[PDB]
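Only one chain is given next, in structure tokens, and it is the form deposited in one PDB entry.
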């Protein structure tokens, strides 16, 4: 009919244009607010993915654990054996469980860096299931290696750790693919990726820096 007269309405239209164009900053405020909306959405979306797969993260038997089982705070460490930052990052992660009895870590091998991360992983898993107590040695050694993994040096590490006896089961591939499906469900794109409390860290971190985070979650009880 209508609620504004023709003239008024037309002027409104003109006012839109003029407002945004003569004052750009309003567009920036709108951008920022759309950004802030999308961020917040994702963050909540992660927080749900994370909260849903509690039982594959924390309660998988096939997944290797470092430190006590009862340990109040259990971290989760997505590592690739071929990833150079993981090799640098892992020792710390280990150090905390020795320093902090209440802390433990869980290992999730990922095959993205190469064929050998896959075979390596598979080995470590086979070991884990066939003999848990043994695992740490082989894990450690494989991480200690700087050079890229081949099928022999896997034998060589396995041998140098007295685990060469163990056959790579096929059951251990499921675990790999599961760590793989899992890393997708959490929208994890890279490695090392560490789960702590309700927070995830996709890179490597200084020790002192790490200690404050783990203490901060210790305080969360």
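Positions refer to the first chain, counted from 1. In this text, rigid core is short for the largest set of C-alphas that superpose within 1.5 Å between two forms. Residues that one form lacks are left out of the comparison.
Absent from the display: the form deposited in another entry. The rest refers to it.
Only 43, out of 177, 43, 164, 52, shows a C-alpha shift of 2 Å or more between the shown form and the other one on alignment of the rigid core. If you compare C-alpha positions, residue 37 and residue 53 are 3 angstroms or more farther apart in the other entry than in the form on display. Distance between the C-alpha atoms of residue 39 and residue 204: shorter in the other entry than here (change of 3 Å or more). Residues present in both forms were considered; between the shown form and the other one, the rigid-core fit shows Cα displacements of 2 Å or more across three or more consecutive positions only at 3-45.
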